[PDB]
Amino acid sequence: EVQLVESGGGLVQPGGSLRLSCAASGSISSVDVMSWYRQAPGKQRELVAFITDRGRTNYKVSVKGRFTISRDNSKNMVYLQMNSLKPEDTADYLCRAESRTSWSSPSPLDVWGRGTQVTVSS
């Protein structure tokens, strides 16, 4: 079972950029979905972006056009490039690996990282 560790968090000015990394302990090329989530104090955890095994991506409406999720299979990495950051993007960002039960993967996969802290503030 893969293990996930996030890095790249920090503080940045509104309008600024950050790049987060989700490092997996092994190949994630076969994982149905790799996701980035975020959670701010007192709020629900929110799905921000995902990339499928086949490379299809989608985005939370509020970040579309300024965030990009991508993957490097040779490095077992998933990245979240964040641009034009707003105070409302402040949160702990966490990655997740999910695969539903299937014939070739009878055991379900649902693994979370511990998170990296993003603060958008002046």
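The first residue of the sequence shown is number 1, and the count goes up from there.
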item: Stretch with the higher entry mean CA B-factor, where the candidates are 27 to 35 and 88 to 96; value: 27 to 35
item: Stretch with the higher entry mean CA B-factor, where the candidates are 39 to 47 and 69 to 77; value: 69 to 77
item: Which of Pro106, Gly16, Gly113, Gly10 ranks first by CA B-factor in the deposited coordinates; value: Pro106
item: Chain-relative CA temperature factor third for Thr119; value: lowest
item: Record-listed C-alpha B factor of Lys60: chain third; value: lowest
